[PDB]
Amino acid sequence: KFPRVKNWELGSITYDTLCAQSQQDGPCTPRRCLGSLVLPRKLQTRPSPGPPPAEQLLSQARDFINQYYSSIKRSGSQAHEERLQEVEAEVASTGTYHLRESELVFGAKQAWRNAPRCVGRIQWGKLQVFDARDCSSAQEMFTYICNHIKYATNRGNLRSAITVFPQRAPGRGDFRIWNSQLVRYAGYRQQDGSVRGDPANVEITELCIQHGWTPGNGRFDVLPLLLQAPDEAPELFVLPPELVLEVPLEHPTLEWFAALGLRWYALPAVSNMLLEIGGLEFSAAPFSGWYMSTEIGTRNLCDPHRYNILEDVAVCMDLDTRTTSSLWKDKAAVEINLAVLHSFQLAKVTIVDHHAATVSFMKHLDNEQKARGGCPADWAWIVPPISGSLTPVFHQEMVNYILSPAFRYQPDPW
Amino acid sequence: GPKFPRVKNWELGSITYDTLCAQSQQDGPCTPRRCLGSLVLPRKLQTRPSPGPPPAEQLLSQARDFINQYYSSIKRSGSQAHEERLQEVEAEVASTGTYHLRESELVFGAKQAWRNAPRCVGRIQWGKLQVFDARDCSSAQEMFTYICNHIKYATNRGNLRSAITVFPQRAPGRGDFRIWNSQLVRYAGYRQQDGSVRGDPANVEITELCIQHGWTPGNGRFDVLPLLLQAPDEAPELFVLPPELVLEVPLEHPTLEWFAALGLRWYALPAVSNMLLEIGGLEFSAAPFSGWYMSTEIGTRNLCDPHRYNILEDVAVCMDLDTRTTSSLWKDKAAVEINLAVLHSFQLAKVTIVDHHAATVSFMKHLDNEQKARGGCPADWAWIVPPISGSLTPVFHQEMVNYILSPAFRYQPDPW
Ligand code: HEM
Ligand code: HEM
Ligand SMILES: C[C@H](O)[C@H](O)[C@H]1CNc2nc(N)[nH]c(=O)c2N1
Ligand SMILES: C[C@H](O)[C@H](O)[C@H]1CNc2nc(N)[nH]c(=O)c2N1
Ligand SMILES: [Zn+2]
């Protein structure tokens with residue numbers, strides 16, 4: 001009933017009992033495992049043709065309120081009893097309900113804690129939660145967002161934060177941020193099929209232009225935001241450059257690296273996921289932390305479908321690009337990740353390397369085994385994209401499952 | 001759309017549907033409530049020992065399914081030979097509780113077991129396998145002869161050739177044929193007074209089993225072990241492989257002159273010998289198989305795992321790296337040079353080896369072939385993606401569907 005979980009480096013064994021608290025089904029079955037798929041349409045939180053059934057909603061809300069009071073140890077207080085009755089009252093008459101701010105703050109931190117793809121969860125207790133539920137216009141969202149970013153960047157001393165915009169309502173369209181992150185580089189599909197900039201952002205770049213943006217022509221042009229208030233066309237907002245802290249990439253010993261003209265932005269802020277707490281859904285709730293260097297040095301700069309700089313750097317290093325067996329790719333990638341760490345350190349911008357980060361996740365796993373009898377984790381996302389078995393999490397068996405509060409994928413608004 | 005897993009490649013943006021998983025008849029460890037995909041041995045890929053003969057009715061369904069597979073493969077499904085073969089199997093089981101495979105059925109089943117292996121990145125080679133039929137073997141000393149012949153054929157002086165040797169199947173009223181060793185070539189692991197280990201820590205128990213069975217130990221880092229071989233109902237017997245049959249490669253580096261002085265080496269032939277070959281419900285408890293190495297198996301896992309030869313810090317020190325901080329990427333730097341040494345050394349010695357870029361590129365081609373041939377390919381992402389340079393290889397960006405197809409290579413309990 002409970003998985004036996006082994007760490008093959010240390011020989012230690014634990015049992016995951018927390019997984020019995022899952023109530024949402026993942027994509028696997030006993031007949032085939034789909035653990036490596038990025039998004040099955042299933043766990044995804046898509047639009048609906050009306051208001052959720054009140055029984056389901058109140059089951060999730062009761063469990064959540066139950067989590068909250070257990071969390072402040074008044075589980076069973078009259079406050080508890082009373083809050084449950086308010087929630088019951090509000091659902092039965094309106095089909096929905098509202099969270100108290102302190103509940104929202106607990107719920108956002110628990111959603112991060114529960115995120116099986118996040119290797120940075122040892123920080124989960126440390127999150128600035130901005131309540132933006134009194135927002136009624138795109139213009140307003142922009143102001144809250146600009147405030148998120150100033151707070152979170154903090155001159156390079158990054159601090160984790162989330163801004164929560166108004167929940168989804170049966171009666172209307174959603175508040176959405178169309179960009180997948182608050183900071184994104186444009187991707188221009190020049191004539192010859194090519195792409196200048198970040199190919200991951202060709203479609204959003206196109207939407208921006210189509211919605212009146214005047215495009216640049218560089219490899220790192222920061223896109224404007226497309227922000228959407230319920231049932232209205234999204235509106236275009238250009239971020240103040242002063243708010244977007246960037247790091248030009250240099251290498252500690254290769255002189256010519258700086259000449260590649262490469263850079264990346266300081267703040268990782270995901271803006272297209274849905275935050276679910278107690279059955280309520282926040283379709284606009286951007287969150288940010290700081291980067292793990294492999295995100296930049298390895299995936300964003302060396303993926304074949306991204307900036308794909310591996311061969312340029314190898315040729316620069318005078319590597320033998322003729323055969324696979326010279327390991328030119330491996331060698332170039334190491335230096336590019338080294339350049340990322342060097343540059344952030346030099347610019348005094350928070351960053352964490354993949355060894356430090358996975359070591360801290362191992363400690364986090366230990367903490368959560370004690371605290372809750374397990375930790376949901378997605379092995380393929382937790383092991384880094386370089387040097388996998390050189391890190392401790394490679395040798396660690398992991399159990400993956402969905403707990404709520406949760407961050408979830410949702411359909412693109414367009 | 002289709003009622004099958006939709007599978008995407010994120011580098012290429014292409015999509016496929018896996019229909020082959022429909023054929024899966026054995027349940028894995030995952031459920032809608034939680035995924036156990038990252039577990040090495042869930043109790044869903046391991047075959048416990050049958051002290052008793054499998055129930056006739058369970059055996060026959062498994063047998064009929066495999067015989068249908070065989071006749072489909074030679075495109076005589078529904079045929080008179082087909083119906084006749086089925087009948088014969090039902091009679092054999094019907095009177096003796098078991099049955100036996102024709103030679104060409106064994107060859108098909110063995111190649112199919114490899115094709116069906118979700119954790120193997122080398123399956124593009126699956127059609128090319130020398131199948132040694134050793135089902136006449138009747139003693140521990142004969143197994144030894146069969147195995148030496150295997151090694152000589154497979155090794156072929158450095159031009160390696162895939163091969164498997166099949167010993168008699170599990171039989172009701174009879175103990176099992178077993179090779180106690182996990183591979184045909186294993187370096188000794190000697191526990192030290194300090195509690196440390198000299199040699200390969202993965203092999204401590206077998207090293208001690210050998211000793212306990214009368215082997216006289218050495219005290220090197222790379223002492224080849226003797227084979228513990230077991231014929232039915234007999235205690236296992238100790239056999240020493242003549243040195244000349246075990247080809248080894250001393251490791252050197254193409255530009256780092258001092259690396260040779262490290263005195264490192266690895267053997268040329270990867271030959272797994274403790275897995276169970278299952279065909280049509282029949283169980284071959286001893287059926288060693290071999291291919292050639294992918295360089296990361298040696299350079300990354302065997303040499304750099306913390307619980308294996310653990311040489312990262314040694315090599316980093318020689319490269320004069322800052323081993324006192326993580327963000328110098330000293331582990332990453334050293335690993336790369338250790339893997340390059342392995343490739344360089346195997347090439348120089350003209351022993352077959354495949355780097356992890358070439359191997360995963362070839363696996364992508366296999367996935368394409370198999371989509372067409374069978375509408376899918378069961379694959380264990382965590383094992384297929386290499387332990388270094390993961391997203392620098394094509395398989396990282398390919399979603400995969402994992403399931404159990406039979407004929408199969410299965411884990412089985414230790415014989416002791
Ligand atoms: C404090 C620093 C943190 C670090 C170093 C960090 C690290 C990571 C990494 C390496 C990933 C993978 C990203 C990718 O491959 O695209 C990620 C995923 C994730 N992080 Fe964290 N994390 C941290 C903070 C945050 C915070 C503040 C939250 C939420 C409140 C967050 C929630 C998540 C979620 C939901 C995912 C999955 C994203 C997806 O599915 O695309 N993390 N994090
Ligand atoms: C021709 C060369 C081949 C290549 C390069 C190759 C490569 C690999 C690799 C890298 C693994 C992972 C090993 C590990 O991490 O411990 C593996 C596993 C596997 N291979 Fe292949 N393979 C080859 C041939 C063979 C052949 C000939 C067979 C069988 C007929 C075989 C059957 C398997 C099986 C069943 C596994 C899984 C074993 C386990 O769970 O420990 N492979 N192979
Ligand atoms: C197909 C496969 O799941 C996909 O490439 C995953 C693998 N692991 C990953 N891990 C992280 N952290 N981020 C990713 O985007 C991915 N992509
Ligand atoms: C815990 C985890 O499943 C384990 O370390 C796996 C990961 N991937 C692997 N991949 C290969 N090829 N070989 C292995 O031994 C493993 N070990
Ligand atoms: Zn699974």
# chains A, B, ... in the order shown; residues from 1 in each chain; ligands from 1
>>> residues_near_ligand(ligand="ligand 5", cutoff="8 Å", atoms="only C-alpha atoms and all ligand atoms", output="compact mmCIF listing (two decimals) with N, CA and C atoms, in the first residue's frame")
# COMPACT_ATOMS: atom_id res chain seq x y z
N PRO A 27 -1.06 10.45 -14.64
CA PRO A 27 -1.28 9.84 -15.96
C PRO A 27 -0.92 8.36 -16.05
N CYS A 28 -0.32 7.80 -15.00
CA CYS A 28 0.08 6.40 -15.10
C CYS A 28 -1.02 5.42 -14.75
N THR A 29 -0.85 4.18 -15.19
CA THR A 29 -1.72 3.08 -14.79
C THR A 29 -0.85 1.84 -14.60
N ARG A 32 0.84 0.93 -18.08
CA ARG A 32 1.97 1.67 -18.64
C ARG A 32 2.23 2.94 -17.84
N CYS A 33 3.50 3.25 -17.63
CA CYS A 33 3.95 4.45 -16.94
C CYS A 33 4.15 5.60 -17.93
N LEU A 34 3.56 6.75 -17.62
CA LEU A 34 3.69 7.94 -18.45
C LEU A 34 4.43 9.03 -17.68
N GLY A 35 5.26 8.65 -16.72
CA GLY A 35 5.99 9.58 -15.87
C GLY A 35 6.85 10.57 -16.60
N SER A 36 7.29 10.27 -17.83
CA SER A 36 8.20 11.16 -18.52
C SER A 36 7.49 12.19 -19.39
N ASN A 400 6.07 9.91 -7.16
CA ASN A 400 5.44 11.12 -7.69
C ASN A 400 3.92 11.00 -7.61
N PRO B 29 4.45 -1.11 -11.77
CA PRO B 29 4.25 -0.61 -10.41
C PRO B 29 3.46 0.68 -10.29
N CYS B 30 3.13 1.37 -11.37
CA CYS B 30 2.44 2.66 -11.24
C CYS B 30 0.93 2.48 -11.17
N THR B 31 0.24 3.44 -10.56
CA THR B 31 -1.22 3.53 -10.50
C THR B 31 -1.65 4.98 -10.75
N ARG B 34 -0.11 7.26 -7.88
CA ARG B 34 1.28 7.70 -7.80
C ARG B 34 2.19 6.91 -8.73
N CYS B 35 3.16 7.61 -9.29
CA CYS B 35 4.09 7.04 -10.25
C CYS B 35 5.34 6.52 -9.54
N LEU B 36 5.66 5.26 -9.82
CA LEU B 36 6.82 4.59 -9.25
C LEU B 36 7.88 4.36 -10.32
N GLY B 37 7.87 5.16 -11.38
CA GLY B 37 8.74 5.00 -12.52
C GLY B 37 10.22 5.03 -12.19
N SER B 38 10.62 5.74 -11.15
CA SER B 38 12.03 5.91 -10.83
C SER B 38 12.57 4.82 -9.91
N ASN B 402 6.56 3.49 -20.84
CA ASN B 402 7.20 2.33 -20.23
C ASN B 402 6.16 1.27 -19.90
>>> closest_atom_pairs(of="chain B", to="ligand 3", cutoff="9 Å", atoms="only C-alpha atoms and all ligand atoms", output="JSON lines")
{"residue": "B:7", "atom": "CA", "partner": "ligand 3", "partner_atom_place_in_ligand_line": "1 (C)", "distance": 8.9}
{"residue": "B:8", "atom": "CA", "partner": "ligand 3", "partner_atom_place_in_ligand_line": "1 (C)", "distance": 7.3}
{"residue": "B:9", "atom": "CA", "partner": "ligand 3", "partner_atom_place_in_ligand_line": "1 (C)", "distance": 6.7}
{"residue": "B:10", "atom": "CA", "partner": "ligand 3", "partner_atom_place_in_ligand_line": "5 (O)", "distance": 6.6}
{"residue": "B:11", "atom": "CA", "partner": "ligand 3", "partner_atom_place_in_ligand_line": "5 (O)", "distance": 8.3}
{"residue": "B:381", "atom": "CA", "partner": "ligand 3", "partner_atom_place_in_ligand_line": "3 (O)", "distance": 8.1}
{"residue": "B:391", "atom": "CA", "partner": "ligand 3", "partner_atom_place_in_ligand_line": "5 (O)", "distance": 7.4}
{"residue": "B:395", "atom": "CA", "partner": "ligand 3", "partner_atom_place_in_ligand_line": "1 (C)", "distance": 7.9}
{"residue": "B:396", "atom": "CA", "partner": "ligand 3", "partner_atom_place_in_ligand_line": "5 (O)", "distance": 5.0}
{"residue": "B:397", "atom": "CA", "partner": "ligand 3", "partner_atom_place_in_ligand_line": "5 (O)", "distance": 3.8}
{"residue": "B:398", "atom": "CA", "partner": "ligand 3", "partner_atom_place_in_ligand_line": "1 (C)", "distance": 4.6}
{"residue": "B:399", "atom": "CA", "partner": "ligand 3", "partner_atom_place_in_ligand_line": "1 (C)", "distance": 3.9}
{"residue": "B:400", "atom": "CA", "partner": "ligand 3", "partner_atom_place_in_ligand_line": "1 (C)", "distance": 7.2}
>>> write_last_selection(atoms="N, CA, C and O atoms", output="tab-separated table (two decimals), in the first residue's frame")
chain	number	residue	atom	x	y	z
B	7	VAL	N	2.61	10.88	-27.54
B	7	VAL	CA	4.01	10.99	-27.16
B	7	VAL	C	4.68	12.13	-27.90
B	7	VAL	O	4.63	12.16	-29.13
B	8	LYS	N	5.32	13.07	-27.19
B	8	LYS	CA	5.89	14.18	-27.97
B	8	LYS	C	7.40	14.31	-27.86
B	8	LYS	O	7.99	14.07	-26.80
B	9	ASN	N	8.03	14.74	-28.95
B	9	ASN	CA	9.43	15.12	-28.95
B	9	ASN	C	9.52	16.65	-28.92
B	9	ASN	O	9.07	17.21	-29.92
B	10	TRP	N	10.04	17.24	-27.85
B	10	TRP	CA	10.07	18.68	-27.64
B	10	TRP	C	11.17	19.38	-28.41
B	10	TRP	O	11.13	20.59	-28.61
B	11	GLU	N	12.17	18.62	-28.88
B	11	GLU	CA	13.18	19.27	-29.70
B	11	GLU	C	12.63	19.51	-31.11
B	11	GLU	O	12.90	20.53	-31.75
B	381	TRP	N	12.76	6.15	-19.43
B	381	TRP	CA	13.45	7.42	-19.62
B	381	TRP	C	14.66	7.60	-18.70
B	381	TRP	O	15.74	8.04	-19.10
B	391	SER	N	20.68	16.53	-21.36
B	391	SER	CA	19.87	17.25	-22.34
B	391	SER	C	20.68	17.65	-23.56
B	391	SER	O	20.17	18.27	-24.49
B	395	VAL	N	17.70	11.90	-26.65
B	395	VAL	CA	16.66	11.19	-25.91
B	395	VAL	C	16.07	12.00	-24.75
B	395	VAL	O	14.94	11.74	-24.34
B	396	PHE	N	16.81	12.96	-24.19
B	396	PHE	CA	16.30	13.81	-23.11
B	396	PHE	C	14.96	14.45	-23.50
B	396	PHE	O	14.01	14.52	-22.72
B	397	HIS	N	14.89	14.96	-24.73
B	397	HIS	CA	13.75	15.72	-25.24
B	397	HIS	C	12.63	14.87	-25.81
B	397	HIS	O	11.66	15.39	-26.36
B	398	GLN	N	12.74	13.55	-25.69
B	398	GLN	CA	11.75	12.60	-26.19
B	398	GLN	C	10.96	11.99	-25.05
B	398	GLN	O	11.50	11.34	-24.15
B	399	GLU	N	9.65	12.20	-25.01
B	399	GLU	CA	8.81	11.54	-24.01
B	399	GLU	C	8.77	10.04	-24.30
B	399	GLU	O	8.92	9.67	-25.46
B	400	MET	N	8.58	9.22	-23.27
B	400	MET	CA	8.66	7.78	-23.44
B	400	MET	C	7.55	7.11	-22.65
B	400	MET	O	7.16	7.62	-21.61
>>> residues_near_ligand(ligand="ligand 2", cutoff="6 Å", atoms="only C-alpha atoms and all ligand atoms", output="PyMOL selection string")
chain B and resi 114+117+119-122+125+162-163+289-294+409
>>> closest_residue(among="B:377, B:134, B:404, B:184", to="chain A", atoms="only C-alpha atoms")
B:404
>>> select_by_dssp(residues="stretch 79-165 of chain A", states="alpha helix (DSSP H)", output="mmCIF file with N, CA and C atoms, in the first residue's frame")
data_model
loop_
_atom_site.group_PDB
_atom_site.id
_atom_site.type_symbol
_atom_site.label_atom_id
_atom_site.label_comp_id
_atom_site.auth_asym_id
_atom_site.auth_seq_id
_atom_site.Cartn_x
_atom_site.Cartn_y
_atom_site.Cartn_z
ATOM 1 N N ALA A 79 -12.804 28.377 16.386
ATOM 2 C CA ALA A 79 -12.459 29.105 15.164
ATOM 3 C C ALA A 79 -12.545 28.137 13.985
ATOM 4 N N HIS A 80 -11.985 26.950 14.209
ATOM 5 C CA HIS A 80 -12.034 25.933 13.156
ATOM 6 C C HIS A 80 -13.483 25.677 12.757
ATOM 7 N N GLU A 81 -14.259 25.133 13.682
ATOM 8 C CA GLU A 81 -15.670 24.822 13.520
ATOM 9 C C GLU A 81 -16.410 25.939 12.795
ATOM 10 N N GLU A 82 -16.176 27.146 13.290
ATOM 11 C CA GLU A 82 -16.773 28.341 12.732
ATOM 12 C C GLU A 82 -16.330 28.571 11.293
ATOM 13 N N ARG A 83 -15.028 28.449 11.013
ATOM 14 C CA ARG A 83 -14.637 28.757 9.631
ATOM 15 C C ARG A 83 -15.257 27.742 8.688
ATOM 16 N N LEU A 84 -15.278 26.475 9.102
ATOM 17 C CA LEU A 84 -15.903 25.466 8.244
ATOM 18 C C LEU A 84 -17.348 25.837 7.924
ATOM 19 N N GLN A 85 -18.056 26.364 8.920
ATOM 20 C CA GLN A 85 -19.463 26.718 8.741
ATOM 21 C C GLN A 85 -19.619 27.914 7.818
ATOM 22 N N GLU A 86 -18.735 28.912 7.900
ATOM 23 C CA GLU A 86 -18.810 30.003 6.928
ATOM 24 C C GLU A 86 -18.633 29.501 5.496
ATOM 25 N N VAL A 87 -17.614 28.652 5.309
ATOM 26 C CA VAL A 87 -17.330 28.139 3.969
ATOM 27 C C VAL A 87 -18.538 27.361 3.466
ATOM 28 N N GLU A 88 -19.089 26.516 4.347
ATOM 29 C CA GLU A 88 -20.289 25.776 3.956
ATOM 30 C C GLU A 88 -21.406 26.732 3.566
ATOM 31 N N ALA A 89 -21.648 27.716 4.430
ATOM 32 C CA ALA A 89 -22.653 28.735 4.136
ATOM 33 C C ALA A 89 -22.447 29.387 2.781
ATOM 34 N N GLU A 90 -21.210 29.812 2.501
ATOM 35 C CA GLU A 90 -20.994 30.575 1.267
ATOM 36 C C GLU A 90 -21.140 29.684 0.053
ATOM 37 N N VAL A 91 -20.737 28.413 0.147
ATOM 38 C CA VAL A 91 -20.853 27.597 -1.061
ATOM 39 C C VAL A 91 -22.313 27.293 -1.372
ATOM 40 N N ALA A 92 -23.043 26.900 -0.333
ATOM 41 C CA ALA A 92 -24.440 26.521 -0.493
ATOM 42 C C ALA A 92 -25.282 27.649 -1.053
ATOM 43 N N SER A 93 -24.900 28.912 -0.839
ATOM 44 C CA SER A 93 -25.791 29.964 -1.340
ATOM 45 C C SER A 93 -25.310 30.570 -2.648
ATOM 46 N N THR A 94 -24.001 30.615 -2.863
ATOM 47 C CA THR A 94 -23.370 31.226 -4.031
ATOM 48 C C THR A 94 -22.616 30.236 -4.924
ATOM 49 N N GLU A 101 -6.902 36.131 3.773
ATOM 50 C CA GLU A 101 -5.516 36.330 3.375
ATOM 51 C C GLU A 101 -4.560 35.355 4.059
ATOM 52 N N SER A 102 -4.700 35.104 5.362
ATOM 53 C CA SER A 102 -3.732 34.215 6.020
ATOM 54 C C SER A 102 -3.811 32.785 5.475
ATOM 55 N N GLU A 103 -5.010 32.384 5.082
ATOM 56 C CA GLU A 103 -5.268 31.102 4.459
ATOM 57 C C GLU A 103 -4.599 31.032 3.082
ATOM 58 N N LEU A 104 -4.674 32.129 2.340
ATOM 59 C CA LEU A 104 -4.086 32.256 1.021
ATOM 60 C C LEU A 104 -2.566 32.123 1.114
ATOM 61 N N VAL A 105 -1.992 32.693 2.158
ATOM 62 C CA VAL A 105 -0.546 32.698 2.350
ATOM 63 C C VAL A 105 -0.060 31.285 2.672
ATOM 64 N N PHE A 106 -0.784 30.596 3.538
ATOM 65 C CA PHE A 106 -0.535 29.197 3.860
ATOM 66 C C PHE A 106 -0.667 28.286 2.636
ATOM 67 N N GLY A 107 -1.712 28.503 1.850
ATOM 68 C CA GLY A 107 -2.023 27.754 0.642
ATOM 69 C C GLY A 107 -0.987 27.927 -0.447
ATOM 70 N N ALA A 108 -0.513 29.148 -0.677
ATOM 71 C CA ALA A 108 0.536 29.374 -1.663
ATOM 72 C C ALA A 108 1.833 28.672 -1.266
ATOM 73 N N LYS A 109 2.235 28.771 0.002
ATOM 74 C CA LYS A 109 3.436 28.076 0.456
ATOM 75 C C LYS A 109 3.275 26.557 0.370
ATOM 76 N N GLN A 110 2.096 26.030 0.668
ATOM 77 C CA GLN A 110 1.857 24.595 0.586
ATOM 78 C C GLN A 110 1.865 24.114 -0.864
ATOM 79 N N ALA A 111 1.404 24.910 -1.817
ATOM 80 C CA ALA A 111 1.431 24.587 -3.238
ATOM 81 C C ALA A 111 2.863 24.458 -3.759
ATOM 82 N N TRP A 112 3.726 25.367 -3.322
ATOM 83 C CA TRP A 112 5.150 25.299 -3.633
ATOM 84 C C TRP A 112 5.717 24.015 -3.013
ATOM 85 N N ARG A 113 5.477 23.799 -1.732
ATOM 86 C CA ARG A 113 5.953 22.612 -1.035
ATOM 87 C C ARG A 113 5.550 21.336 -1.767
ATOM 88 N N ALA A 138 -6.433 45.380 -16.321
ATOM 89 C CA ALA A 138 -5.106 44.977 -16.780
ATOM 90 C C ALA A 138 -4.079 45.989 -16.296
ATOM 91 N N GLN A 139 -4.452 47.264 -16.393
ATOM 92 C CA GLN A 139 -3.561 48.325 -15.927
ATOM 93 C C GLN A 139 -3.112 48.060 -14.495
ATOM 94 N N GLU A 140 -4.079 47.647 -13.676
ATOM 95 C CA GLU A 140 -3.811 47.313 -12.284
ATOM 96 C C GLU A 140 -2.853 46.130 -12.160
ATOM 97 N N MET A 141 -3.101 45.091 -12.951
ATOM 98 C CA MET A 141 -2.237 43.917 -12.900
ATOM 99 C C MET A 141 -0.793 44.334 -13.172
ATOM 100 N N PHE A 142 -0.626 45.247 -14.138
ATOM 101 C CA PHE A 142 0.698 45.733 -14.522
ATOM 102 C C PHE A 142 1.368 46.380 -13.320
ATOM 103 N N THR A 143 0.578 47.193 -12.598
ATOM 104 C CA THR A 143 1.216 47.848 -11.449
ATOM 105 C C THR A 143 1.644 46.857 -10.381
ATOM 106 N N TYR A 144 0.788 45.922 -9.996
ATOM 107 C CA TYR A 144 1.140 44.831 -9.100
ATOM 108 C C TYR A 144 2.351 44.011 -9.564
ATOM 109 N N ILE A 145 2.432 43.769 -10.862
ATOM 110 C CA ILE A 145 3.522 42.992 -11.443
ATOM 111 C C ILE A 145 4.826 43.755 -11.349
ATOM 112 N N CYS A 146 4.757 45.048 -11.682
ATOM 113 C CA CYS A 146 5.966 45.855 -11.572
ATOM 114 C C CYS A 146 6.458 45.895 -10.131
ATOM 115 N N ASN A 147 5.528 45.825 -9.186
ATOM 116 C CA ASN A 147 5.844 45.792 -7.761
ATOM 117 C C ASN A 147 6.430 44.445 -7.350
ATOM 118 N N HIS A 148 5.882 43.360 -7.887
ATOM 119 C CA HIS A 148 6.458 42.036 -7.665
ATOM 120 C C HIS A 148 7.939 42.086 -8.038
ATOM 121 N N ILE A 149 8.194 42.559 -9.252
ATOM 122 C CA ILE A 149 9.549 42.494 -9.800
ATOM 123 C C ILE A 149 10.530 43.342 -9.013
ATOM 124 N N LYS A 150 10.144 44.552 -8.606
ATOM 125 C CA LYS A 150 11.078 45.370 -7.831
ATOM 126 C C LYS A 150 11.418 44.678 -6.520
ATOM 127 N N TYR A 151 10.390 44.179 -5.831
ATOM 128 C CA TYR A 151 10.568 43.461 -4.587
ATOM 129 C C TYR A 151 11.490 42.249 -4.789
ATOM 130 N N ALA A 152 11.179 41.470 -5.832
ATOM 131 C CA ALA A 152 11.800 40.145 -5.986
ATOM 132 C C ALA A 152 13.249 40.285 -6.427
ATOM 133 N N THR A 153 13.554 41.194 -7.345
ATOM 134 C CA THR A 153 14.931 41.413 -7.799
ATOM 135 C C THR A 153 15.827 41.975 -6.700
#
>>> atom_distance(atom1="atom CA of residue B:271", atom2="atom CA of residue B:376")
27.1 Å
>>> closest_residue(among="B:313, B:355, B:332, B:297", to="ligand 4", atoms="only C-alpha atoms and all ligand atoms")
B:297
>>> select_by_dssp(residues="stretch 65-134 of chain B", states="strand (DSSP E or B)", output="tab-separated table (two decimals) with C-alpha atoms, in the first residue's frame")
chain	number	residue	atom	x	y	z
B	130	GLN	CA	24.25	-14.75	-31.79
B	131	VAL	CA	22.06	-17.18	-29.86
B	132	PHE	CA	24.04	-20.02	-28.27
B	133	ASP	CA	21.74	-22.92	-27.47
>>> residues_near_ligand(ligand="ligand 4", cutoff="9 Å", atoms="only C-alpha atoms and all ligand atoms", output="JSON, numbers by chain")
{"A": [5, 6, 7, 8, 9, 379, 389, 393, 394, 395, 396, 397, 398], "B": [37, 38, 39, 40, 41, 119, 120, 121, 296, 297, 301, 380, 381, 382, 383, 384, 385, 386, 387]}
>>> residues_near_ligand(ligand="ligand 1", cutoff="9 Å", atoms="only C-alpha atoms and all ligand atoms", output="PyMOL selection string")
chain A and resi 38-39+108-124+126-129+158-162+268-270+272-273+275+286-295+299+351-354+357+381-382+384-385+406-409
>>> residues_around(residues="stretch 190-205 of chain B", least_positions_apart="4", cutoff="8 Å", atoms="only C-alpha atoms", output="list in words")
residues 186, 209, 219, 220, 221, 222, 223, 307, 308 and 309 of chain B
>>> write_last_selection(atoms="N, CA, C and O atoms", output="tab-separated table (two decimals), in the first residue's frame")
chain	number	residue	atom	x	y	z
B	186	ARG	N	33.81	-9.36	-13.29
B	186	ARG	CA	33.58	-8.57	-12.10
B	186	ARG	C	34.89	-8.37	-11.35
B	186	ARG	O	35.60	-9.36	-11.14
B	209	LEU	N	31.34	-14.45	-1.13
B	209	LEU	CA	30.80	-15.77	-1.46
B	209	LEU	C	31.89	-16.65	-2.07
B	209	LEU	O	32.02	-17.82	-1.71
B	219	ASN	N	44.71	-8.75	-3.56
B	219	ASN	CA	44.44	-7.50	-2.83
B	219	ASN	C	44.71	-6.32	-3.76
B	219	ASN	O	45.26	-5.29	-3.37
B	220	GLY	N	44.30	-6.46	-5.02
B	220	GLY	CA	44.36	-5.36	-5.96
B	220	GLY	C	42.99	-4.66	-6.05
B	220	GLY	O	42.02	-5.12	-5.45
B	221	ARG	N	42.96	-3.58	-6.80
B	221	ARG	CA	41.81	-2.74	-7.05
B	221	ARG	C	40.95	-3.31	-8.19
B	221	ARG	O	39.77	-2.98	-8.30
B	222	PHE	N	41.58	-4.14	-9.01
B	222	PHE	CA	41.01	-4.70	-10.22
B	222	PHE	C	41.34	-6.18	-10.38
B	222	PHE	O	41.86	-6.54	-11.44
B	223	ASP	N	41.07	-6.99	-9.37
B	223	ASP	CA	41.24	-8.43	-9.44
B	223	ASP	C	39.99	-9.06	-10.07
B	223	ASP	O	38.91	-8.92	-9.47
B	307	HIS	N	29.45	5.30	-4.63
B	307	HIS	CA	29.47	3.96	-4.06
B	307	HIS	C	30.15	2.94	-4.98
B	307	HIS	O	29.95	1.76	-4.73
B	308	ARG	N	30.90	3.41	-5.96
B	308	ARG	CA	31.70	2.55	-6.83
B	308	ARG	C	33.17	2.94	-6.71
B	308	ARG	O	33.58	3.12	-5.55
B	309	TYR	N	33.97	3.06	-7.77
B	309	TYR	CA	35.39	3.36	-7.60
B	309	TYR	C	35.62	4.78	-7.10
B	309	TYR	O	36.72	5.12	-6.67
